[PDB]
Number of protein chains: 4
Amino acid sequence: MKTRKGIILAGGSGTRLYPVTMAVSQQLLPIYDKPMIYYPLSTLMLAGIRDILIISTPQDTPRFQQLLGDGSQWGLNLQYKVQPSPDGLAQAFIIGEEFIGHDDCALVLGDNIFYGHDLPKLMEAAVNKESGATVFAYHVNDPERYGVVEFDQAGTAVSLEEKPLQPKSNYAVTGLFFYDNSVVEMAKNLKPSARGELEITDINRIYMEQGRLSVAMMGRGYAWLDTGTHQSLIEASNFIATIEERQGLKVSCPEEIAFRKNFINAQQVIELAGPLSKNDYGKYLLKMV
Amino acid sequence: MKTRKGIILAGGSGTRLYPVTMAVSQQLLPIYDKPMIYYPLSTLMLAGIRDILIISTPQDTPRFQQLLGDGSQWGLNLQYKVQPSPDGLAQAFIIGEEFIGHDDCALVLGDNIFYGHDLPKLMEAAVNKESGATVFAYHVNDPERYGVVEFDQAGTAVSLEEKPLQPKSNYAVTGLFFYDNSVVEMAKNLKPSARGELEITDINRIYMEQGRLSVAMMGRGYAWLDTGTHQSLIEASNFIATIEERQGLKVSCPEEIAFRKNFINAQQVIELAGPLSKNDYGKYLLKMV
Amino acid sequence: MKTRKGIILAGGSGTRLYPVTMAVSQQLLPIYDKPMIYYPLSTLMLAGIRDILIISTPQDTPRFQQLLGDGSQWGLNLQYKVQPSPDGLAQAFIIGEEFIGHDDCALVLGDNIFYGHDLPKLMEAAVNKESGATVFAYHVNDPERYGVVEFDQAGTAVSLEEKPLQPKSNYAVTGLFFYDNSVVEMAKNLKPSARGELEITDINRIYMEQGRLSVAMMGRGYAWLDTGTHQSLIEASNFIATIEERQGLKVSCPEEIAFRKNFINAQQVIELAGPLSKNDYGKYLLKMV
Amino acid sequence: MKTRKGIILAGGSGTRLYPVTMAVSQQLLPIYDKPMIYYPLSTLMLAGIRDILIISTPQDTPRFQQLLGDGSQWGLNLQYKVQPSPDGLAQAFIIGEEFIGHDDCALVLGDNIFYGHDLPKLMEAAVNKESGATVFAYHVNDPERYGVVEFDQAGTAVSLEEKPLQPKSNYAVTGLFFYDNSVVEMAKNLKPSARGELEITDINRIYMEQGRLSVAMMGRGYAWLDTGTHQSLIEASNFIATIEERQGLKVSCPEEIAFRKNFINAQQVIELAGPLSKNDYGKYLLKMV
Ligand SMILES: O=c1ccn([C@@H]2O[C@H](COP(=O)(O)OP(=O)(O)O[C@H]3O[C@H](CO)[C@@H](O)[C@H](O)[C@H]3O)[C@@H](O)[C@H]2O)c(=O)[nH]1
Ligand SMILES: O=c1ccn([C@@H]2O[C@H](COP(=O)(O)OP(=O)(O)O[C@H]3O[C@H](CO)[C@@H](O)[C@H](O)[C@H]3O)[C@@H](O)[C@H]2O)c(=O)[nH]1
Ligand SMILES: O=c1ccn([C@@H]2O[C@H](COP(=O)(O)OP(=O)(O)O[C@H]3O[C@H](CO)[C@@H](O)[C@H](O)[C@H]3O)[C@@H](O)[C@H]2O)c(=O)[nH]1
Ligand SMILES: O=c1ccn([C@@H]2O[C@H](COP(=O)(O)OP(=O)(O)O[C@H]3O[C@H](CO)[C@@H](O)[C@H](O)[C@H]3O)[C@@H](O)[C@H]2O)c(=O)[nH]1
């Protein structure tokens with residue numbers, strides 16, 4: 001089956017970004033011209049995923065809802081589920097078991113920002129994988145900061161270590177994940193780690209250990225914009241701004257993606273743009289049609 | 001009577017920034033490493049003002065209160081009041097009458113950032129004017145946008161015009177305002193302008209027609225950033241970040257303002273830094289004391 | 001045949017970038033960590049092209065030689081020709097006639113900065129195209145600044161206009177081109193245009209009339225860093241930096257490409273890195289091997 | 001007497017910035033919209049100094065002359081001398097001994113960028129000091145790297161140390177020194193230090209041990225950018241860029257300084273602007289008069 005459901009893990013308090021996030025949820029902070037959640041949500045839309053569950057902290061969930069709704073406007077089917085406390089990625093599958101049912105499900109952090117060429121192609125194998133899982137590896141300067149995927153001499157992936165003190169490779173596990181229906185049970189049988197969290201790395205290690213973990217390599221031609229500090233945040237906004245302004249196009253603009261992927265027709269775009277004739281975002285949607 | 005009372009009109013829908021303001025108050029968005037509101041708040045602090053009224057919309061008013069509280073943490077006394085609808089900056093005095101009372105009151109916009117080493121020396125005067133009011137003019141390329149103030153060959157002021165179609169100067173009146181008790185009654189008498197608003201410029205002009213209006217100039221060392229559009233929003237954040245990383249310091253840091261001005265002591269700083277100690281913002285305060 | 005000859009047109013007085021280009025030539029301006037010319041050269045290399053002809057101004061040409069030499073160090077055959085005057089892009093073929101010979105040759109401007117995933121596959125068709133020519137279309141915000149390609153209802157490129165007043169599309173022709181042997185005589189027969197230049201558009205036109213012009217589409221996932229203004233040079237620099245500093249990888253590092261594509265081996269890397277062992281770039285090299 | 005002479009030391013192999021400096025002198029590199037050297041040179045001009053000697057490497061000195069000429073175009077008197085090898089700052093005076101004669105002379109490093117409104121007012125005292133020296137201190141989190149000056153509980157130049165392992169304070173001595181005429185004789189007497197050089201901190205000690213050393217403190221309203229590495233260079237570049245487009249003013253623009261201090265008139269400005277008009281640099285000056 002084609003992975004047609006996804007979950008956006010937009011929780012966390014964002015203590016890392018205080019006092020900024022103290023006022024507004026990180027996934028809501030604007031990345032140049034749109035709230036962060038738009039980027040990873042766009043990534044799901046690029047994979048053909050319409051049925052998406054957005055999980056946010058009890059405080060922010062109503063906020064996101066205010067911004068996206070049932071996503072009906074963009075041919076999407078948005079649903080919301082609250083996560084009482086940030087206890088690890090893997091819990092997203094528990095927090096949304098009922099949502100997944102017996103279908104394959106992709107997962108993506110709400111602060112996972114991607115930019116690059118064949119993004120859909122890149123996710124194609126992951127979206128069409130019958131059983132198993134797919135994670136995406138990216139070359140970073142600070143491997144220890146992420147889950148590192150080790151590589152032998154042949155090439156394929158042979159292991160996965162979460163924030164190792166001595167990374168076996170410079171490739172990190174990005175915030176985009178794809179699992180089959182079996183992730184739910186894994187998550188439910190998973191035990192917390194030292195930092196008391198249900199580590200997605202444990203779930204990935206389980207797939208790999210069964211020879212069912214595909215690691216999609218992401219070359220230096222793709223950009224995985226970090227959003228862990230105030231610095232990276234502006235560098236991310238400028239990056240995206242640099243690209244959009246030069247292109248006259250937007251990156252990760254859900255309305256457009258919805259429109260170009262035929263989730264909504266031209267009339268639908270106008271109805272959405274109509275009220276927003278002020279800001280440039282509206283004029284952009286209008287011009288796009 | 002030193003002006004010991006200031007009002008921050010941080011309301012309005014700020015739609016010009018959609019969708020980054022759909023579920024987030026414009027005044028809550030960040031400027032690099034802190035929320036926007038943090039800036040105009042520090043501005044009043046630098047003026048020695050500690051009794052501040054935070055005006056805003058019913059939806060957003062409680063939010064700032066959530067992030068800011070009463071201000072006691074920063075030796076301040078924050079008070080909030082709701083504005084049923086954006087009827088003009090001047091309504092800030094009608095809505096904050098009980099607040100002002102008989103005392104001189106300052107009004108600073110919740111979305112206006114003010115940078116400038118000597119900016120404090122400059123306000124000190126405004127806070128010491130016995131009667132009348134004081135405005136701060138800044139040289140901008142888009143005079144037509146803001147409010148403009150004309151100056152004779154003697155450098156003195158002569159006329160004020162709200163968004164002149166044909167500007168008589170490049171010096172626009174920033175959202176920093178220092179008034180005396182006569183302002184409250186001035187607002188009450190004001191009639192709705194063309195755009196059905198109580199223009200703050202009508203107040204200012206009145207003082208001028210009475211020679212009770214000073215105009216502090218913001219030389220080549222000042223900076224009055226805009227925050228109406230996405231570009232200006234990131235542009236402003238880029239400024240703060242740049243200057244903050246280079247000149248080694250924090251711009252409009254309420255904590256630093258509080259400690260540096262004896263509003264709070266060293267110990268109280270280390271206490272505020274804690275929830276903030278995962279990034280520079282907090283680690284800075286820790287190193288300051 | 002496979003296009004194995006390249007011409008990097010790094011001429012120009014750079015008047016537009018004064019006084020920056022008054023001191024150093026544009027193509028030598030640093031794009032963060034390496035000189036500009038290094039990016040296009042890297043593009044040619046990634047295309048497999050090792051025999052290159054650098055065409056620069058009488059004044060700058062030598063600066064490039066001191067910088068690159070015969071290129072033998074990177075397994076490249078770098079030759080130099082002097083363009084007395086910027087008579088046009090097409091002139092790059094007249095100056096490199098003897099260089100081109102009966103072989104196909106690619107053209108790349110010294111300020112053409114390309115970044116994105118799969119740069120080689122994007123150019124593969126061009127490299128192997130038996131005959132004809134291949135250019136690239138990229139959606140930009142200011143088409144009138146470039147040669148605009150027009151597409152019919154089916155989406156097939158059918159027209160090409162140079163800096164038109166009313167762009168028939170938003171897709172501009174990039175600074176990377178691939179032509180067959182017939183480009184030389186084609187160019188040698190071009191007459192000056194309004195701006196008295198041997199327009200590369202005319203050349204491409206000829207190929208298109210004949211149906212020998214492939215217009216490869218360069219998607220929004222690639223970045224075509226602008227280098228027209230000081231503002232775009234710094235953004236281009238920031239862009240490149242945000243990518244490198246995140247992956248711990250360099251974008252457009254000749255030594256690396258040379259080493260990766262086997263143009264040179266590990267030992268040669270040591271020798272090339274030897275003298276620079278006292279600097280970041282040199283460390284990047286050693287760390288590579 | 002007022003210090004009317006100054007030396008801009010602009011030598012060095014620049015190997016730190018390879019390969020951007022391989023074919024370009026570091027001091028010729030751009031800092032956003034103008035050549036680096038335009039900064040230190042602007043510092044001197046703001047200090048009233050008009051007669052300046054530019055010392056560079058034998059190969060590089062020419063490129064500076066080709067760029068600045070005799071400097072008469074800006075009302076300056078530019079003279080050039082050569083430094084066969086980088087034996088130290090102090091050597092500048094042995095080189096420029098014939099240029100200095102019997103007058104006080106200032107020194108500025110070619111690659112030093114100073115920013116600050118009060119900068120002129122500050123240097124004023126340095127130029128008017130009857131005898132002695134005037135160094136400039138700035139707060140740097142990386143003292144060990146530079147020359148560090150010590151301040152007793154009172155706040156004076158109690159101790160000077162060149163790149164001390166154990167910084168005796170976080171105040172570094174910038175690259176702008178104002179000496180009296182006795183410095184020349186000091187230089188010629190200095191002896192090679194550990195790194196076989198003629199240390200400037202040594203010459204500075206002499207003045208200190210004579211109670212003749214003044215220390216101009218550069219508060220937080222100042223910014224002394226670094227340009228030693230690729231990262232620093234781009235940072236320094238984002239700095240200037242942001243303050244100009246934000247504050248609407250060019251930073252360290254010789255033409256403007258020349259016109260502001262009446263070294264040149266508007267007629268000359270327009271003529272200078274001509275070649276530079278193809279961009280804001282020209283337009284600015286044209287608009288400035
Ligand atoms: O219960 C939770 C846990 C996390 N988060 C959010 O998830 C995002 C993930 O960021 P972060 O917490 O810093 O990721 P880590 O937990 O440090 O690591 C996981 O996410 C990384 C993605 O960069 C992977 O590299 C690692 O292998 C994986 O273990 C953040 O915005 C978090 O607030 C939630 O919303 N709820
Ligand atoms: O009742 C109101 C009206 C406005 N605003 C806020 O004020 C900010 C300023 O923007 P805007 O309302 O469009 O400014 P203007 O009201 O058009 O102009 C006023 O504010 C300018 C400063 O930008 C001054 O230059 C002008 O002289 C002054 O008349 C915004 O975030 C608004 O939401 C409120 O909070 N409440
Ligand atoms: O009068 C001139 C002409 C060219 N050059 C040099 O030649 C190269 C060309 O740059 P530029 O003048 O800006 O390109 P255009 O001539 O305006 O346009 C050509 O290059 C564009 C971008 O690659 C294409 O879109 C167009 O179709 C093609 O005609 C550069 O290195 C320039 O410095 C000059 O210095 N002066
Ligand atoms: O004979 C020489 C020595 C240096 N330089 C140049 O001076 C600049 C300054 O950098 P560097 O040589 O590394 O400065 P240091 O020698 O490390 O230190 C000196 O310059 C510092 C400011 O950067 C001061 O704080 C110190 O007290 C002073 O001793 C560079 O572009 C050098 O190439 C020359 O041109 N000629």
# chains A, B, ... in the order shown; residues from 1 in each chain; ligands from 1
call {"tool": "residues_around", "arguments": {"residues": "residue C:278", "least_positions_apart": "6", "cutoff": "12 Å", "atoms": "only C-alpha atoms", "output": "PDB file with N, CA and C atoms, in the first residue's frame"}}
result
ATOM      1  N   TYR C 284      40.192  21.189   5.134  1.00  0.00           N
ATOM      2  CA  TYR C 284      39.033  20.566   4.518  1.00  0.00           C
ATOM      3  C   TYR C 284      39.503  19.486   3.553  1.00  0.00           C
ATOM      4  N   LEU C 285      40.560  19.806   2.813  1.00  0.00           N
ATOM      5  CA  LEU C 285      41.153  18.911   1.830  1.00  0.00           C
ATOM      6  C   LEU C 285      41.744  17.652   2.447  1.00  0.00           C
ATOM      7  N   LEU C 286      42.587  17.841   3.457  1.00  0.00           N
ATOM      8  CA  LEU C 286      43.212  16.716   4.142  1.00  0.00           C
ATOM      9  C   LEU C 286      42.132  15.837   4.763  1.00  0.00           C
TER      10      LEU C 286
ATOM     11  N   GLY D  14      48.133  36.862   3.501  1.00  0.00           N
ATOM     12  CA  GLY D  14      46.707  36.580   3.445  1.00  0.00           C
ATOM     13  C   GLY D  14      46.361  35.098   3.384  1.00  0.00           C
ATOM     14  N   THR D  15      47.382  34.244   3.461  1.00  0.00           N
ATOM     15  CA  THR D  15      47.206  32.793   3.407  1.00  0.00           C
ATOM     16  C   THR D  15      46.055  32.298   4.279  1.00  0.00           C
ATOM     17  N   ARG D  16      45.709  33.070   5.300  1.00  0.00           N
ATOM     18  CA  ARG D  16      44.625  32.684   6.182  1.00  0.00           C
ATOM     19  C   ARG D  16      43.330  32.595   5.380  1.00  0.00           C
ATOM     20  N   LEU D  17      43.187  33.431   4.353  1.00  0.00           N
ATOM     21  CA  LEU D  17      41.961  33.433   3.558  1.00  0.00           C
ATOM     22  C   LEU D  17      42.023  32.713   2.219  1.00  0.00           C
ATOM     23  N   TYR D  18      42.989  31.815   2.061  1.00  0.00           N
ATOM     24  CA  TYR D  18      43.137  31.069   0.815  1.00  0.00           C
ATOM     25  C   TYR D  18      41.918  30.230   0.497  1.00  0.00           C
TER      26      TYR D  18
END
call {"tool": "residues_around", "arguments": {"residues": "residue D:257", "least_positions_apart": "2", "cutoff": "12 Å", "atoms": "only C-alpha atoms", "output": "ChimeraX atom specification"}}
result
/D:38-39,41-50,74-76,120,249-255,259-265,269,285,288
call {"tool": "residues_near_ligand", "arguments": {"ligand": "ligand 2", "cutoff": "9 Å", "atoms": "only C-alpha atoms and all ligand atoms", "output": "ChimeraX atom specification"}}
result
/B:8-15,26-27,55-57,83,85-92,109-112,137,143,145-149,160-163,172-176,197-202,204,226-228
call {"tool": "interface_residues", "arguments": {"of": "chain D", "to": "chain C", "cutoff": "10 Å", "atoms": "only C-alpha atoms", "output": "mmCIF file with N, CA, C and O atoms, in the first residue's frame"}}
result
data_model
loop_
_atom_site.group_PDB
_atom_site.id
_atom_site.type_symbol
_atom_site.label_atom_id
_atom_site.label_comp_id
_atom_site.auth_asym_id
_atom_site.auth_seq_id
_atom_site.Cartn_x
_atom_site.Cartn_y
_atom_site.Cartn_z
ATOM 1 N N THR D 15 47.382 34.244 3.461
ATOM 2 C CA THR D 15 47.206 32.793 3.407
ATOM 3 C C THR D 15 46.055 32.298 4.279
ATOM 4 O O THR D 15 45.494 31.230 4.037
ATOM 5 N N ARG D 16 45.709 33.070 5.300
ATOM 6 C CA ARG D 16 44.625 32.684 6.182
ATOM 7 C C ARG D 16 43.330 32.595 5.380
ATOM 8 O O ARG D 16 42.484 31.755 5.669
ATOM 9 N N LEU D 17 43.187 33.431 4.353
ATOM 10 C CA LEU D 17 41.961 33.433 3.558
ATOM 11 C C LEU D 17 42.023 32.713 2.219
ATOM 12 O O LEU D 17 41.196 32.967 1.340
ATOM 13 N N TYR D 18 42.989 31.815 2.061
ATOM 14 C CA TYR D 18 43.137 31.069 0.815
ATOM 15 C C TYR D 18 41.918 30.230 0.497
ATOM 16 O O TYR D 18 41.324 29.618 1.374
ATOM 17 N N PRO D 19 41.570 30.139 -0.791
ATOM 18 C CA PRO D 19 42.284 30.793 -1.896
ATOM 19 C C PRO D 19 41.747 32.158 -2.340
ATOM 20 O O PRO D 19 42.182 32.684 -3.363
ATOM 21 N N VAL D 20 40.811 32.736 -1.594
ATOM 22 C CA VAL D 20 40.247 34.004 -2.018
ATOM 23 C C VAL D 20 41.310 35.081 -2.125
ATOM 24 O O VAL D 20 41.154 36.036 -2.873
ATOM 25 N N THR D 21 42.401 34.913 -1.388
ATOM 26 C CA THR D 21 43.494 35.875 -1.401
ATOM 27 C C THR D 21 44.649 35.443 -2.303
ATOM 28 O O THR D 21 45.603 36.190 -2.462
ATOM 29 N N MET D 22 44.568 34.258 -2.903
ATOM 30 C CA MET D 22 45.655 33.771 -3.758
ATOM 31 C C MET D 22 46.037 34.744 -4.841
ATOM 32 O O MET D 22 47.210 34.961 -5.111
ATOM 33 N N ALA D 23 45.022 35.323 -5.464
ATOM 34 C CA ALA D 23 45.220 36.264 -6.545
ATOM 35 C C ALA D 23 44.665 37.632 -6.184
ATOM 36 O O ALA D 23 44.532 38.508 -7.047
ATOM 37 N N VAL D 24 44.342 37.809 -4.905
ATOM 38 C CA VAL D 24 43.803 39.075 -4.428
ATOM 39 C C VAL D 24 44.366 39.448 -3.070
ATOM 40 O O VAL D 24 44.525 38.591 -2.210
ATOM 41 N N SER D 25 44.677 40.722 -2.877
ATOM 42 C CA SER D 25 45.192 41.174 -1.594
ATOM 43 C C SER D 25 44.002 41.253 -0.660
ATOM 44 O O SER D 25 42.961 41.811 -1.021
ATOM 45 N N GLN D 27 43.281 43.097 1.780
ATOM 46 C CA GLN D 27 42.755 44.426 1.952
ATOM 47 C C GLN D 27 41.993 44.951 0.750
ATOM 48 O O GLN D 27 41.343 46.002 0.820
ATOM 49 N N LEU D 28 42.047 44.229 -0.359
ATOM 50 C CA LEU D 28 41.288 44.662 -1.530
ATOM 51 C C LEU D 28 39.947 43.951 -1.574
ATOM 52 O O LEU D 28 39.040 44.366 -2.309
ATOM 53 N N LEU D 29 39.807 42.896 -0.768
ATOM 54 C CA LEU D 29 38.555 42.149 -0.762
ATOM 55 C C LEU D 29 37.366 43.018 -0.380
ATOM 56 O O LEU D 29 37.497 43.987 0.344
ATOM 57 N N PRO D 30 36.173 42.662 -0.865
ATOM 58 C CA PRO D 30 34.998 43.459 -0.544
ATOM 59 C C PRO D 30 34.340 43.168 0.795
ATOM 60 O O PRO D 30 34.325 42.025 1.275
ATOM 61 N N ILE D 31 33.824 44.240 1.393
ATOM 62 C CA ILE D 31 33.090 44.173 2.644
ATOM 63 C C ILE D 31 31.751 44.737 2.246
ATOM 64 O O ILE D 31 31.464 45.920 2.437
ATOM 65 N N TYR D 32 30.945 43.863 1.657
ATOM 66 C CA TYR D 32 29.623 44.201 1.165
ATOM 67 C C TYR D 32 29.638 45.040 -0.109
ATOM 68 O O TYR D 32 29.666 44.500 -1.215
ATOM 69 N N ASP D 33 29.651 46.357 0.039
ATOM 70 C CA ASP D 33 29.578 47.254 -1.122
ATOM 71 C C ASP D 33 30.816 48.079 -1.436
ATOM 72 O O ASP D 33 30.757 48.984 -2.264
ATOM 73 N N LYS D 34 31.923 47.788 -0.765
ATOM 74 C CA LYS D 34 33.139 48.532 -1.013
ATOM 75 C C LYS D 34 34.341 47.729 -0.546
ATOM 76 O O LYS D 34 34.215 46.795 0.259
ATOM 77 N N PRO D 35 35.526 48.062 -1.076
ATOM 78 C CA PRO D 35 36.782 47.381 -0.733
ATOM 79 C C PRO D 35 37.135 47.558 0.738
ATOM 80 O O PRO D 35 36.922 48.622 1.319
ATOM 81 N N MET D 36 37.686 46.511 1.335
ATOM 82 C CA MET D 36 38.078 46.551 2.741
ATOM 83 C C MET D 36 38.857 47.820 3.091
ATOM 84 O O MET D 36 38.456 48.561 3.977
ATOM 85 N N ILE D 37 39.961 48.064 2.384
ATOM 86 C CA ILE D 37 40.815 49.236 2.618
ATOM 87 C C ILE D 37 40.025 50.535 2.739
ATOM 88 O O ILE D 37 40.498 51.509 3.335
ATOM 89 N N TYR D 38 38.835 50.558 2.148
ATOM 90 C CA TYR D 38 38.014 51.752 2.210
ATOM 91 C C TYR D 38 37.603 51.991 3.654
ATOM 92 O O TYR D 38 37.224 53.111 4.024
ATOM 93 N N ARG D 63 48.630 47.251 -6.744
ATOM 94 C CA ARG D 63 47.189 47.127 -6.844
ATOM 95 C C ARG D 63 46.458 48.170 -6.009
ATOM 96 O O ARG D 63 45.369 48.618 -6.376
ATOM 97 N N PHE D 64 47.049 48.577 -4.892
ATOM 98 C CA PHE D 64 46.397 49.590 -4.084
ATOM 99 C C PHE D 64 46.492 50.947 -4.756
ATOM 100 O O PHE D 64 45.537 51.727 -4.716
ATOM 101 N N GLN D 66 46.825 51.513 -7.980
ATOM 102 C CA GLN D 66 45.965 51.465 -9.128
ATOM 103 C C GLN D 66 44.527 51.752 -8.687
ATOM 104 O O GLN D 66 43.713 52.251 -9.467
ATOM 105 N N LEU D 67 44.226 51.469 -7.423
ATOM 106 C CA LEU D 67 42.890 51.686 -6.881
ATOM 107 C C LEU D 67 42.679 53.048 -6.259
ATOM 108 O O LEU D 67 41.665 53.705 -6.500
ATOM 109 N N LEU D 68 43.620 53.484 -5.442
ATOM 110 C CA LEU D 68 43.426 54.760 -4.785
ATOM 111 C C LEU D 68 44.148 55.934 -5.444
ATOM 112 O O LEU D 68 43.757 57.085 -5.250
ATOM 113 N N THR D 229 39.320 35.653 8.762
ATOM 114 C CA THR D 229 38.932 34.383 8.165
ATOM 115 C C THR D 229 37.753 34.541 7.215
ATOM 116 O O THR D 229 37.217 35.636 7.074
ATOM 117 N N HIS D 230 37.351 33.443 6.573
ATOM 118 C CA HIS D 230 36.223 33.458 5.640
ATOM 119 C C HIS D 230 34.927 33.709 6.366
ATOM 120 O O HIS D 230 34.031 34.379 5.848
ATOM 121 N N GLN D 231 34.822 33.140 7.564
ATOM 122 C CA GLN D 231 33.618 33.298 8.358
ATOM 123 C C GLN D 231 33.574 34.746 8.841
ATOM 124 O O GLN D 231 32.552 35.425 8.694
ATOM 125 N N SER D 232 34.689 35.249 9.361
ATOM 126 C CA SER D 232 34.690 36.625 9.852
ATOM 127 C C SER D 232 34.388 37.625 8.737
ATOM 128 O O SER D 232 33.645 38.584 8.925
ATOM 129 N N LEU D 233 34.967 37.377 7.570
ATOM 130 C CA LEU D 233 34.797 38.240 6.400
ATOM 131 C C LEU D 233 33.332 38.378 5.971
ATOM 132 O O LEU D 233 32.871 39.476 5.665
ATOM 133 N N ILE D 234 32.609 37.261 5.966
ATOM 134 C CA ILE D 234 31.210 37.274 5.574
ATOM 135 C C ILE D 234 30.387 37.934 6.674
ATOM 136 O O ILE D 234 29.436 38.680 6.398
ATOM 137 N N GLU D 235 30.759 37.679 7.925
ATOM 138 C CA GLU D 235 30.051 38.303 9.036
ATOM 139 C C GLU D 235 30.183 39.814 8.908
ATOM 140 O O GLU D 235 29.176 40.540 8.837
ATOM 141 N N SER D 237 30.772 41.489 6.558
ATOM 142 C CA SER D 237 30.052 41.940 5.387
ATOM 143 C C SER D 237 28.548 42.101 5.647
ATOM 144 O O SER D 237 27.953 43.085 5.205
ATOM 145 N N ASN D 238 27.946 41.151 6.372
ATOM 146 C CA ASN D 238 26.516 41.222 6.703
ATOM 147 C C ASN D 238 26.285 42.425 7.633
ATOM 148 O O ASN D 238 25.213 43.051 7.620
ATOM 149 N N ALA D 241 26.418 45.766 5.476
ATOM 150 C CA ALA D 241 25.220 45.670 4.652
ATOM 151 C C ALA D 241 23.916 45.968 5.392
ATOM 152 O O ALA D 241 23.081 46.730 4.896
ATOM 153 N N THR D 242 23.748 45.374 6.574
ATOM 154 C CA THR D 242 22.528 45.564 7.353
ATOM 155 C C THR D 242 22.363 46.979 7.909
ATOM 156 O O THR D 242 21.247 47.507 7.964
ATOM 157 N N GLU D 245 21.426 49.474 4.541
ATOM 158 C CA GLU D 245 20.073 49.411 4.025
ATOM 159 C C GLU D 245 19.037 49.653 5.107
ATOM 160 O O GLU D 245 17.927 50.082 4.807
ATOM 161 N N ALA D 273 31.131 59.928 -8.531
ATOM 162 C CA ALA D 273 29.957 59.087 -8.588
ATOM 163 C C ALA D 273 29.710 58.498 -9.970
ATOM 164 O O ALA D 273 29.268 57.356 -10.087
ATOM 165 N N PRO D 275 31.390 56.987 -12.576
ATOM 166 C CA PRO D 275 31.773 55.591 -12.818
ATOM 167 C C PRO D 275 31.081 54.609 -11.888
ATOM 168 O O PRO D 275 30.922 53.435 -12.214
ATOM 169 N N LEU D 276 30.672 55.111 -10.732
ATOM 170 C CA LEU D 276 30.050 54.287 -9.710
ATOM 171 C C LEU D 276 28.543 54.362 -9.689
ATOM 172 O O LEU D 276 27.900 53.737 -8.835
ATOM 173 N N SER D 277 27.965 55.109 -10.620
ATOM 174 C CA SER D 277 26.528 55.268 -10.597
ATOM 175 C C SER D 277 25.700 54.043 -10.949
ATOM 176 O O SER D 277 24.541 53.976 -10.568
ATOM 177 N N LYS D 278 26.264 53.061 -11.642
ATOM 178 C CA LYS D 278 25.470 51.890 -11.980
ATOM 179 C C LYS D 278 24.946 51.145 -10.767
ATOM 180 O O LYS D 278 24.436 50.045 -10.909
ATOM 181 N N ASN D 279 25.087 51.702 -9.573
ATOM 182 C CA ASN D 279 24.534 51.029 -8.398
ATOM 183 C C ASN D 279 24.346 52.009 -7.240
ATOM 184 O O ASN D 279 24.722 53.174 -7.360
ATOM 185 N N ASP D 280 23.770 51.557 -6.126
ATOM 186 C CA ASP D 280 23.498 52.468 -5.014
ATOM 187 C C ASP D 280 24.696 53.310 -4.647
ATOM 188 O O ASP D 280 24.544 54.476 -4.299
ATOM 189 N N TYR D 281 25.889 52.728 -4.732
ATOM 190 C CA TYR D 281 27.089 53.468 -4.386
ATOM 191 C C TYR D 281 27.161 54.773 -5.152
ATOM 192 O O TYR D 281 27.534 55.800 -4.598
ATOM 193 N N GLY D 282 26.815 54.743 -6.427
ATOM 194 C CA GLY D 282 26.854 55.969 -7.187
ATOM 195 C C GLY D 282 25.638 56.811 -6.863
ATOM 196 O O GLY D 282 25.751 57.980 -6.502
#
call {"tool": "select_by_dssp", "arguments": {"residues": "stretch 49-287 of chain C", "states": "helix (DSSP H, G or I)", "output": "PyMOL selection string"}}
result
chain C and resi 61-68+72-74+91-94+97-100+119-128+143-145+183-188+200-209+230-247+254-260+266-273+280-287
call {"tool": "select_by_dssp", "arguments": {"residues": "stretch 20-244 of chain B", "states": "strand (DSSP E or B)", "output": "PyMOL selection string"}}
result
chain B and resi 30+35+51-56+77-82+105-109+113-115+133-139+147-151+157-162+171-178+213-217+223-225
call {"tool": "atom_distance", "arguments": {"atom1": "atom CA of residue C:247", "atom2": "atom CA of residue A:209"}}
result
27.3 Å
call {"tool": "residues_around", "arguments": {"residues": "residue C:113", "least_positions_apart": "5", "cutoff": "7 Å", "atoms": "only C-alpha atoms", "output": "NGL selection string"}}
result
:C and (39-40 or 224-225)
